[PDB]
Amino acid sequence: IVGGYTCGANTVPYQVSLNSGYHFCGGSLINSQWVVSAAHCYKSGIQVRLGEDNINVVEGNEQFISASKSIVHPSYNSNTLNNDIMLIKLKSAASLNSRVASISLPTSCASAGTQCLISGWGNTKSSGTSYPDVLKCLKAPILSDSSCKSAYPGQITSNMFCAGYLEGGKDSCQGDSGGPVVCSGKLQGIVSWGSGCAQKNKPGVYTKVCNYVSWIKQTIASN
Ligand SMILES: NC(=[NH2+])c1cc2c(I)cccc2s1
Ligand SMILES: [Ca+2]
């Protein structure tokens with residue numbers, strides 16, 4: 001996250017870190033046994049870490065659970081990143097408490113202008129590499145599809161939306177992939193892609209979760 005701030009330990013209780021020997025993507029806990037993240041974060045051998053704040057230090061509120069299975073969306077296209085969402089089932093059901101909570105799925109899509117909260121342990125420099133050990137947060141509004149489409153002509157589908165600042169400066173970045181974009185208490189997006197980080201006229205692009213709620217609900221009830 002570039003131009004964001006330290007969240008504070010366990011203030012984003014639904015945030016997850018996917019680890020395959022190191023942190024590689026973020027994710028969201030939607031219920032005791034399931035996590036949603038980005039399909040481009042797909043890896044075999046994932047361990048989900050809940051109640052994290054500093055990922056290099058065991059502070060006492062963590063739960064490390066291995067995934068029993070991963071389901072990438074049936075129509076995910078790794079070339080355009082269209083339908084960049086994946087569900088991960090845990091081997092054991094997590095113990096929810098004040099530091100580990102699930103986020104709710106949306107009932108409808110959000111409007112351009114709605115302010116959202118984006119969080120993750122990704123890179124914090126636009127030009128450079130600086131990886132934080134504590135969670136970073138960023139408040140950013142959803143942008144209109146027109147400004148999203150003009151920034152990225154022929155690359156935006158109806159399953160993607162942009163959020164951020166066209167002037168640059170604040171944005172999600174690599175290492176944040178799979179993480180949550182929560183607006184009004186609902187998980188509305190997943191960190192998917194962008195052209196560099198915090199660049200001017202290059203906002204972040206997020207998976208539009210409101211379009212996958214039936215697929216998520218149907219898939220988790222059958223697995
Ligand atoms: N501009 C952005 N918000 C992003 C940039 C990236 C990059 I570069 C890699 C992976 C994910 C993301 S999100
Ligand atoms: Ca830790």
# chains A, B, ... in the order shown; residues from 1 in each chain; ligands from 1
$ closest_atom_pairs --of "chain A" --to "ligand 2" --cutoff "7 Å" --atoms "only C-alpha atoms and all ligand atoms" --output "tab-separated table"
residue	atom	partner	partner_atom_place_in_ligand_line	distance
A:52	CA	ligand 2	1 (Ca)	4.9
A:53	CA	ligand 2	1 (Ca)	5.6
A:54	CA	ligand 2	1 (Ca)	4.4
A:55	CA	ligand 2	1 (Ca)	4.1
A:56	CA	ligand 2	1 (Ca)	5.5
A:57	CA	ligand 2	1 (Ca)	4.2
A:58	CA	ligand 2	1 (Ca)	4.0
A:59	CA	ligand 2	1 (Ca)	5.2
A:62	CA	ligand 2	1 (Ca)	6.5
$ residues_near_ligand --ligand "ligand 1" --cutoff "10 Å" --atoms "only C-alpha atoms and all ligand atoms" --output "MDAnalysis selection string"
chainID A and resid 1:2 25 38 40:41 122:123 126 162:164 168 170:179 190:199 202:206
$ residues_around --residues "residue A:13" --least-positions-apart "4" --cutoff "7 Å" --atoms "only C-alpha atoms" --output "PyMOL selection string"
chain A and resi 51+99-101
$ write_last_selection --atoms "N, CA, C and O atoms" --output "PDB file, in the first residue's frame"
ATOM      1  N   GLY A  51      -5.316 -13.298  12.244  1.00  0.00           N
ATOM      2  CA  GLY A  51      -4.947 -12.493  13.468  1.00  0.00           C
ATOM      3  C   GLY A  51      -3.574 -11.898  13.390  1.00  0.00           C
ATOM      4  O   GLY A  51      -2.909 -11.693  14.393  1.00  0.00           O
ATOM      5  N   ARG A  99     -10.282 -10.411  17.293  1.00  0.00           N
ATOM      6  CA  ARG A  99      -9.107 -10.232  16.381  1.00  0.00           C
ATOM      7  C   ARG A  99      -9.250 -10.998  15.078  1.00  0.00           C
ATOM      8  O   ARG A  99      -8.489 -10.706  14.169  1.00  0.00           O
ATOM      9  N   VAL A 100     -10.176 -11.920  15.048  1.00  0.00           N
ATOM     10  CA  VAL A 100     -10.418 -12.742  13.821  1.00  0.00           C
ATOM     11  C   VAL A 100     -11.945 -12.689  13.600  1.00  0.00           C
ATOM     12  O   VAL A 100     -12.691 -13.278  14.382  1.00  0.00           O
ATOM     13  N   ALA A 101     -12.361 -12.004  12.574  1.00  0.00           N
ATOM     14  CA  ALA A 101     -13.809 -11.899  12.291  1.00  0.00           C
ATOM     15  C   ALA A 101     -13.991 -12.083  10.760  1.00  0.00           C
ATOM     16  O   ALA A 101     -13.013 -11.926  10.053  1.00  0.00           O
TER      17      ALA A 101
END
$ residues_around --residues "residue A:72" --least-positions-apart "4" --cutoff "8 Å" --atoms "only C-alpha atoms" --output "list in words"
residues 39, 42, 76, 85, 86 and 87 of chain A
$ closest_residue --among "A:94, A:110, A:36, A:134" --to "residue A:8" --atoms "only C-alpha atoms"
A:134
$ atom_distance --atom1 "atom CA of residue A:71" --atom2 "atom CA of residue A:91"
14.2 Å
$ select_by_dssp --residues "stretch 18-150 of chain A" --states "strand (DSSP E or B)" --output "VMD selection string"
chain A and resid 18 to 19 23 to 31 34 to 37 47 to 50 63 to 72 77 82 86 to 90 104 115 to 120 136 to 142
$ residues_around --residues "stretch 146-152 of chain A" --least-positions-apart "2" --cutoff "7 Å" --atoms "only C-alpha atoms" --output "list in words"
residues 143, 144, 154, 155, 156, 161, 162, 201 and 202 of chain A
$ write_last_selection --atoms "N, CA and C atoms" --output "PDB file, in the first residue's frame"
ATOM      1  N   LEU A 143     -14.020   4.817  -8.276  1.00  0.00           N
ATOM      2  CA  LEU A 143     -14.032   5.825  -9.365  1.00  0.00           C
ATOM      3  C   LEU A 143     -15.120   5.394 -10.361  1.00  0.00           C
ATOM      4  N   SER A 144     -15.497   6.310 -11.196  1.00  0.00           N
ATOM      5  CA  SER A 144     -16.534   6.065 -12.225  1.00  0.00           C
ATOM      6  C   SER A 144     -15.952   5.120 -13.248  1.00  0.00           C
ATOM      7  N   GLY A 154      -9.756  -0.683 -23.500  1.00  0.00           N
ATOM      8  CA  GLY A 154      -9.862  -2.108 -23.915  1.00  0.00           C
ATOM      9  C   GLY A 154      -9.371  -3.122 -22.885  1.00  0.00           C
ATOM     10  N   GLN A 155      -9.212  -2.724 -21.652  1.00  0.00           N
ATOM     11  CA  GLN A 155      -8.735  -3.702 -20.613  1.00  0.00           C
ATOM     12  C   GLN A 155      -9.722  -3.867 -19.452  1.00  0.00           C
ATOM     13  N   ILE A 156     -10.732  -3.044 -19.357  1.00  0.00           N
ATOM     14  CA  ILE A 156     -11.694  -3.170 -18.233  1.00  0.00           C
ATOM     15  C   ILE A 156     -12.973  -3.927 -18.620  1.00  0.00           C
ATOM     16  N   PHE A 161     -13.504  -2.866 -11.388  1.00  0.00           N
ATOM     17  CA  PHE A 161     -13.820  -1.432 -11.105  1.00  0.00           C
ATOM     18  C   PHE A 161     -12.477  -0.850 -10.610  1.00  0.00           C
ATOM     19  N   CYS A 162     -12.349   0.431 -10.715  1.00  0.00           N
ATOM     20  CA  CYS A 162     -11.131   1.125 -10.274  1.00  0.00           C
ATOM     21  C   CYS A 162     -11.453   1.883  -8.983  1.00  0.00           C
ATOM     22  N   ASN A 201      -2.983   8.920 -13.129  1.00  0.00           N
ATOM     23  CA  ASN A 201      -3.957   8.390 -14.123  1.00  0.00           C
ATOM     24  C   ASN A 201      -3.922   6.886 -14.273  1.00  0.00           C
ATOM     25  N   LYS A 202      -3.324   6.227 -13.322  1.00  0.00           N
ATOM     26  CA  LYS A 202      -3.224   4.734 -13.330  1.00  0.00           C
ATOM     27  C   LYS A 202      -3.730   4.282 -11.912  1.00  0.00           C
TER      28      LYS A 202
END
$ closest_residue --among "A:34, A:89, A:98, A:135" --to "residue A:120" --atoms "only C-alpha atoms"
A:135
$ residues_around --residues "stretch 208-217 of chain A" --least-positions-apart "5" --cutoff "8 Å" --atoms "only C-alpha atoms" --output "PyMOL selection string"
chain A and resi 87+105-109+158-161+187-190
$ atom_distance --atom1 "atom CA of residue A:50" --atom2 "atom CA of residue A:26"
10.4 Å
$ decode --residues "stretch 53-90 of chain A" --atoms "C-alpha atoms" --output "PDB file, in the first residue's frame"
ATOM      1  CA  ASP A  53      -0.475  -7.594  12.322  1.00  0.00           C
ATOM      2  CA  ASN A  54       3.393  -7.928  12.204  1.00  0.00           C
ATOM      3  CA  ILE A  55       3.948 -10.921   9.832  1.00  0.00           C
ATOM      4  CA  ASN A  56       7.504 -11.528  10.944  1.00  0.00           C
ATOM      5  CA  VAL A  57       6.706 -11.688  14.663  1.00  0.00           C
ATOM      6  CA  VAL A  58       4.397 -14.082  16.548  1.00  0.00           C
ATOM      7  CA  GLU A  59       2.600 -11.622  18.809  1.00  0.00           C
ATOM      8  CA  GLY A  60       0.024 -14.043  20.270  1.00  0.00           C
ATOM      9  CA  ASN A  61      -3.238 -13.515  18.237  1.00  0.00           C
ATOM     10  CA  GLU A  62      -2.516 -15.691  15.240  1.00  0.00           C
ATOM     11  CA  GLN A  63      -4.114 -18.824  13.855  1.00  0.00           C
ATOM     12  CA  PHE A  64      -2.054 -20.611  11.024  1.00  0.00           C
ATOM     13  CA  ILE A  65      -4.326 -23.088   9.163  1.00  0.00           C
ATOM     14  CA  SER A  66      -3.538 -25.035   5.984  1.00  0.00           C
ATOM     15  CA  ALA A  67      -5.866 -24.959   3.017  1.00  0.00           C
ATOM     16  CA  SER A  68      -7.670 -28.253   2.211  1.00  0.00           C
ATOM     17  CA  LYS A  69      -8.628 -27.000  -1.268  1.00  0.00           C
ATOM     18  CA  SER A  70      -8.571 -23.979  -3.597  1.00  0.00           C
ATOM     19  CA  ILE A  71     -11.149 -23.228  -6.343  1.00  0.00           C
ATOM     20  CA  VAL A  72     -10.214 -20.716  -8.971  1.00  0.00           C
ATOM     21  CA  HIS A  73     -13.166 -19.137 -10.734  1.00  0.00           C
ATOM     22  CA  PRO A  74     -14.208 -21.354 -13.749  1.00  0.00           C
ATOM     23  CA  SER A  75     -13.814 -18.395 -16.181  1.00  0.00           C
ATOM     24  CA  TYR A  76     -10.579 -16.838 -14.863  1.00  0.00           C
ATOM     25  CA  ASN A  77      -8.416 -15.617 -17.766  1.00  0.00           C
ATOM     26  CA  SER A  78      -4.784 -15.125 -16.576  1.00  0.00           C
ATOM     27  CA  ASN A  79      -4.031 -13.069 -19.647  1.00  0.00           C
ATOM     28  CA  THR A  80      -6.626 -10.262 -18.994  1.00  0.00           C
ATOM     29  CA  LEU A  81      -7.195 -11.077 -15.302  1.00  0.00           C
ATOM     30  CA  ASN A  82     -10.919 -11.138 -15.965  1.00  0.00           C
ATOM     31  CA  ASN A  83     -12.676 -13.077 -13.066  1.00  0.00           C
ATOM     32  CA  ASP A  84      -9.697 -12.808 -10.778  1.00  0.00           C
ATOM     33  CA  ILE A  85     -11.200 -14.455  -7.711  1.00  0.00           C
ATOM     34  CA  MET A  86     -10.496 -17.740  -5.881  1.00  0.00           C
ATOM     35  CA  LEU A  87     -11.981 -19.466  -2.785  1.00  0.00           C
ATOM     36  CA  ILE A  88      -9.777 -21.323  -0.261  1.00  0.00           C
ATOM     37  CA  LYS A  89     -11.334 -23.777   2.247  1.00  0.00           C
ATOM     38  CA  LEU A  90      -9.498 -24.257   5.516  1.00  0.00           C
TER      39      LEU A  90
END
